[PDB]
Amino acid sequence: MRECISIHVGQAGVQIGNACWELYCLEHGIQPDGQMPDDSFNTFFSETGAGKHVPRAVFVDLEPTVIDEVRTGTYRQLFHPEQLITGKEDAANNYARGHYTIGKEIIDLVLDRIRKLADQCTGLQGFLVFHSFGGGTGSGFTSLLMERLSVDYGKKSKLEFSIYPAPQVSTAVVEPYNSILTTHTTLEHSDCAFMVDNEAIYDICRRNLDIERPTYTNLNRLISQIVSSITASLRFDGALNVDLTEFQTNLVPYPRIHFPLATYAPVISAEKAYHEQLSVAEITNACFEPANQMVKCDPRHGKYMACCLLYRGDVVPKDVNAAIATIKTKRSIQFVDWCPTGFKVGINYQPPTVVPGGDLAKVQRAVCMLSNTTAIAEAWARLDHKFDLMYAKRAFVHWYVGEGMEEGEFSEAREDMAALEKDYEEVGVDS
Amino acid sequence: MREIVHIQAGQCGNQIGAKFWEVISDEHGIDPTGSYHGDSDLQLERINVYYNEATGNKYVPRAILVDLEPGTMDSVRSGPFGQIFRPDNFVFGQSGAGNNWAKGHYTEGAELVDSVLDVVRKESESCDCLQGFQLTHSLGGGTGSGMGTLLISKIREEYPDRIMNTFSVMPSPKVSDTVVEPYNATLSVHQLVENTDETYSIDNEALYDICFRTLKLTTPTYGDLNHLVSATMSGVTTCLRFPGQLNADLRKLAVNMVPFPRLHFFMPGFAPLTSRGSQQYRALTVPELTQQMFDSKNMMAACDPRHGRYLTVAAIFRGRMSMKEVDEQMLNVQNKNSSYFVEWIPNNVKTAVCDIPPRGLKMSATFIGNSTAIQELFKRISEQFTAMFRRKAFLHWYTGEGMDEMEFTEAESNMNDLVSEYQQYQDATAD
Amino acid sequence: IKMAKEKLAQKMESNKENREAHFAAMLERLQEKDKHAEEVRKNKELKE
Ligand SMILES: Nc1nc2c(ncn2[C@@H]2O[C@H](COP(=O)(O)OP(=O)(O)OP(=O)(O)O)[C@@H](O)[C@H]2O)c(=O)[nH]1
Ligand SMILES: Nc1nc2c(ncn2[C@@H]2O[C@H](COP(=O)(O)OP(=O)(O)O)[C@@H](O)[C@H]2O)c(=O)[nH]1
Ligand SMILES: [Mg+2]
């Protein structure tokens with residue numbers, strides 16, 4: 001019944017996957033061994049003959065290091081060994097190695113495992129793909145896998161949780177190349193993609209959680225909370241839900257304009273105790289503050305095409321409507337002329353769950369806003385400009401060419417990005 | 001990506017290589033018998049990058065020791081850690097190269113090369129995933145220089161897809177008496193431009209100047225110079241042998257450091273500057289370590305970094321220090337010294353911190369710079385070469401081995417092209 | 001989807017066309033910068 005397969009690619013994807021599955025277990029009361037003393041959680045966890053609950057997920061990396069940590073870690077019994085796939089040689093921060101050279105060896109094995117998970121599904125909805133834009137596996141392997149998934153799965157829904165690179169936490173000089181190459185190749189294969197800017201997350205951890213030097217552990221816990229908010233509607237049956245298809249129907253007006261901006265609130269430090277409890281009005285107001293965004297950009301300089309508000313916990317519709325009405329009086333929120341109905345609201349009964357010993361405080365109510373704004377084009381522009389700086393001099397291009405890539409593939413990828421930026425510009429013009 | 005195969009060639013190569021192995025063995029808590037006696041799990045985490053595990057608790061360097069002359073090898077075996085090396089891995093001739101590149105590259109060297117490749121093949125076929133090779137040698141001699149570059153070419157033929165790394169010691173009038181060093185160096189530089197992926201340009205001119213001027217050692221010995229070499233080699237390899245995020249393998253390092261194929265000559269730097277045994281009881285804070293990156297006094301290549309621009313920089317901080325302080329100090333240096341970093345390679349300075357400091361120091365900093373100022377080292381070699389070549393002085397030693405004048409003209413022209421290439425990117429703009 | 005499968009099996013064969021042919025050059029250099037060695041070991045026993 002309505003199953004969703006989660007695919008975690010590369011270090012970023014695997015590590016975020018660890019955070020997500022840890023959170024899902026806390027939310028559904030599943031122990032790290034798969035034991036548990038609703039029923040919608042079955043969309044994400046299958047059940048064995050021994051009454052154990054197993055994530056409907058595949059973890060893939062071209063190097064074994066990251067996944068070896070999962071198979072030694074606290075949740076080693078949660079996953080069956082065959083769903084944790086690793087190669088020997090990494091993609092060395094090279095898209096060409098991830099997509100071609102190294103990727104081509106493991107691709108068939110990964111798809112065989114995905115097929116085995118799909119065979120356990122009676123009503124497979126589709127896939128959730130987690131990966132970084134910057135790493136060679138995250139970029140190269142993901143686009144290779146996305147292409148193969150479109151072939152094998154017909155028109156089955158594919159949603160992405162993409163880690164947009166940040167210099168505070170960047171590991172490679174070539175991350176703009178990998179980012180543009182993966183976006184170009186995956187664009188025609190993805191139905192909806194949620195970008196997560198590592199700088200936005202780094203800044204929220206620093207500002208809201210008072211973490212001097214945020215680590216991936218800090219970043220991922222916060223990311224996991226946003227992913228859980230988006231997936232709560234699939235894993236629980238509330239008063240107001242949204243399936244794989246309804247997300248896309250409400251937020252995606254055109255094929256290529258499939259990049260919603262996520263904004264989460266509240267993000268409170270596990271100290272204090274007085275900084276709560278925030279009302280529905282307070283958390284809703286926080287969604288329109290650029291400081292709570294998952295991607296750095298300015299919505300006040302763009303136009304909205306769709307706004308989805310996903311509430312969780314002690315929330316009443318009357319409280320929500322009152323909050324939306326006051327926000328509507330703040331003229332500053334501009335929508336495109338061809339869009340009338342702006343606000344689609346969902347309420348899921350379960351309050352946000354936090355990791356014990358984590359940085360996040362336990363709150364009675366939280367909210368995740370998914371908005372399709374033309375302001376997200378600013379994130380593409382930043383990436384495109386960094387690509388252009390290096391590409392004008394063909395800096396580092398030889399690393400890709402040597403792996404069998406052609407220079408024409410770079411031109412093609414960049415021209416497609418120029419067309420995407422042009423699309424966001426054309427969409428914001430009135431008739 | 002896991003194992004690195006180390007090769008030591010010639011007098012200098014074996015001397016520096018033997019010191020590298022006693023330095024890293026001490027850092028990894030390995031005694032001269034091969035037994036681990038340390039007290040930190042970090043020491044063993046990536047032990048497999050440089051050591052093979054022999055039956056039981058013993059660790060053996062994956063090192064091949066080469067010379068056309070037997071004496072140096074005997075001195076290594078007699079040494080402190082001499083017993084640690086694999087008996088079968090010593091490959092020595094009887095006939096010597098007599099500080100003649102032609103004898104090492106074409107005559108005597110060619111006769112021994114196959115016996116060396118037989119030992120490198122044994123080590124390579126034992127590997128789960130060979131990253132590539134690391135060669136230590138001098139460019140002023142005959143074996144290290146001529147045979148060393150011959151080995152590079154023969155290894156490259158059999159392992160064309162592996163990373164080729166070298167630690168090449170450049171000759172100086174200040175420290176050696178073979179009069180033909182400019183010819184041996186130029187003939188070797190021609191080979192390295194074409195055959196390696198990364199070369200650490202270790203300059204005896206800079207090492208002598210540090211010993212004499214900074215360490216106030218009136219008459220420096222090779223032991224004094226080698227203490228600076230081994231400190232640098234330990235620093236630049238930190239990322240490869242301890243668990244880390246940045247430049248964790250030879251390929252990732254190359255991909256982040258090399259923008260253009262031929263511009264793969266690194267200028268290493270080290271702080272603080274130490275003499276054999278000189279404590280290190282109170283010295284060096286984070287701002288102090290960071291400031292010595294632009295300090296020409298701390299460069300292992302006799303070039304002023306302020307006479308050029310950095311294409312890419314890797315900075316490795318070692319010891320117990322604040323990651324926040326490191327990040328602040330590193331950003332301050334890039335902002336203050338904007339003009340010494342190329343604008344067309346975004347986020348080109350990458351930093352890593354390792355908790356384990358090198359021996360005798362509680363805090364250290366290693367710098368790996370890909371600077372256009374390295375042209376000063378090549379210019380020095382070209383002018384010394386031309387002063388001799390103009391008069392065809394000592395050419396009989398090379399022509400007598402079967403060499404032709406054209407090879408000399410070609411090696412020189414190739415090296416001048418390399419200088420011209422550095423100058424081109426020094427003058428390039430982000431227009 | 002019919003036409004999709006092929007675009008990919010083309011990509012992985014114009015790449016594999018190249019990746020092979022950049023190790024074609026890798027070796028042809030490496031064989032010539034060896035042909036010269038004999039042409040030079042030549043001049044050594046020929047040295048009279
Ligand atoms: N949020 C987050 N970002 C991460 C994490 N790990 C890596 N990243 C980011 O992803 C990029 C680096 O790519 P990786 O995922 O580490 O690399 P990879 O996919 O394993 O690919 P290769 O190592 O090259 O084979 C950088 O922008 C990092 O900041 C993580 O756990 N969380
Ligand atoms: N730093 C350093 N340089 C050395 C050492 N031994 C020789 N050299 C230098 O290496 C060059 C001579 O080459 P050498 O290695 O002795 O000859 P080979 O055995 O034929 O390679 C000159 O530039 C010397 O100054 C040493 O132990 N340390
Ligand atoms: Mg990785």
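Residues numbered from 1 in each chain as written, not as in the entry; some residues may be left out. Chains lettered and ligands numbered in written order. Part of a larger assembly, values for the part shown. Heavy atoms only, no water. Residues with missing side-chain atoms left out of burial classes, pairs and counts.

What the deposited record gives as its method is X-ray crystallography, and the resolution it gives is 4.17 Å.

Looking at the PDB entry, one finds chain B named Tubulin beta chain, with Ovis aries as its source organism. Per the PDB header, the title for this entry is "Tubulin:Stathmin-like domain complex". Its UniProt record, at the heading Cofactor (unreviewed entry), says of chain B: "Mg(2+)". (UniProt positions renumbered as here; feature names shortened; annotations may be inferred.)

In the nomenclature of the PDB entry, chain A is known as Tubulin alpha chain of Ovis aries. Here chain A is described in UniProt, under the heading Sequence similarities (unreviewed entry), as follows: "Belongs to the tubulin family." Checking UniProt for chain A, the heading Cofactor (unreviewed entry) contains the comment "Mg(2+)".

So, about the site of ligand 1. Taken together, 26 residues surround ligand 1, and among them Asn93(A), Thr137(A), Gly138(A), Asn220(A) and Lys252(B) come closest. Neighbouring residues of ligand 1 are distributed over chains A and B. Note that an oxygen atom of ligand 1 is positioned 2.8 Å from one of the backbone N or O atoms of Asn93(A). At a separation of 2.8 Å, an oxygen atom of ligand 1 approaches a polar side-chain atom of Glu175(A). Protein contacts shield 99% of the accessible area of ligand 1, which totals 650 Å² for the unbound molecule. Listing elements by their share of the shell around ligand 1, those giving two or more residues are α1 (10-28), α5 (136-153) and α8 (216-235) of chain A. (Near = heavy atom within 4 Å. Polar contact = N/O pair within 3.5 Å; in protein donor to acceptor, adjacent residues only side chain to side chain. Areas by Shrake-Rupley, 256 points an atom, 1.4 Å probe, with all protein chains shown as cover. Helix = DSSP H or I, 4+ residues; strand = E, 2+ residues; numbered from the N terminus.)

Strands in a sheet are paired, the pairing made by backbone hydrogen bonds, and the direction either parallel or antiparallel. All names here are of chain A. Pairing within the open sheet is parallel, and its six strands lie in the order β5-β4-β1-β6-β7-β8. Two strands in the sheet have a free side with no partner beyond their single neighbour: β5 (84-86) and β8 (192-197). Going across the sheet, the axis of each strand differs from the next one's by a mean of 15 degrees, ignoring polarity. Bridge count for strand β6 (residues 126-132) against strand β7 (residues 157-164) is seven bridges, and the pairing is parallel. Note that in β7 the partner of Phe130 across the bridge is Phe161. (Pairing = 2+ DSSP bridges. Axes fitted to C-alpha atoms, helices over the stretch in contact; angles between N-to-C directions.)

Here we come to the pairing of strand β11 (residues 343-348) of chain A. Looking at chain direction, strand β10 (residues 304-313) of chain A and β11(A) are connected through six bridges and run parallel. In the sheet register, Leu310(A) faces β11(A), and the bridge partner there is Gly346(A).

We now examine the interface of chain C and chain B. Taken together, the contact between chain C and chain B spans 14 residues of the former and 19 residues of the latter. Of the roughly 1,400 Å² buried between chain C and chain B on both sides combined, carbon and sulfur atoms contribute 59%. It is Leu30(C), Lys33(C) and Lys44(C) in chain C that bury the most area against chain B; as a group they hold 38% of the surface buried on that side. Across the contact surface, chain C and chain B share one salt bridge. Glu401(B) is paired through a salt bridge with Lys44(C); the nearest N and O atoms lie 2.7 Å apart. Applying the counting criterion to the chain C and chain B interface returns three residue pairs in polar contact. For the side of chain C that touches chain B, the residue count by class is six nonpolar, three polar and five charged. (Contact = heavy atoms within 4.5 Å. Buried area = accessible area lost by both parts, 1.4 Å probe. Salt bridge = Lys/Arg side-chain N within 4 Å of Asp/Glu carboxyl O. Nonpolar A, V, L, I, M, F, W, Y, C, P; charged D, E, K, R; others polar.)

Another point: the coordination of the magnesium ion (ligand 3). Around the magnesium ion (ligand 3), the protein contributes the donor atoms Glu63(A) (OE) and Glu63(A) (OE), which lie 2.3 to 2.5 Å from the metal centre. Mapped onto the elements, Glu63(A) comes out in the loop between β4 (57-61) and α2 (65-70). (Donors = N, O, S within 2.8 Å, 3.2 Å for Na, K, Ca; no water.)

Residues and elements named next belong to chain B. According to the domain assignment, chain B contains domain 1 (1-259), domain 2 (260-373) and domain 3 (374-431). Measuring from the centre of the C-alpha atoms in domain 1 to the corresponding centre in domain 3 gives 25 Å. Taken together, the contact between domain 1 and domain 3 spans 27 residues of the former and 25 residues of the latter. Summed over both partners, the interface of domain 1 with domain 3 comes to about 2,200 Å²; 68% of that surface belongs to carbon and sulfur atoms. Here domain 1 is connected to domain 3 by three salt bridges. Taking the shortest distance from any N to any O, the salt bridge between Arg380 and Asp203 comes out at 2.8 Å. Linking domain 1 with domain 3 are 11 residue pairs in polar contact. Put simply, the parts of the chain that give the side of domain 1 that touches domain 3 at least two residues each are α4 (101-105), α7 (181-195) and β8 (198-203). Top contributing element to the side of domain 1 that touches domain 3 by residue count: α7, with 10 residues. Here the side of domain 1 that touches domain 3 is built from residues that sort into 14 nonpolar, eight polar and five charged. (Domains from an automatic or database assignment.)

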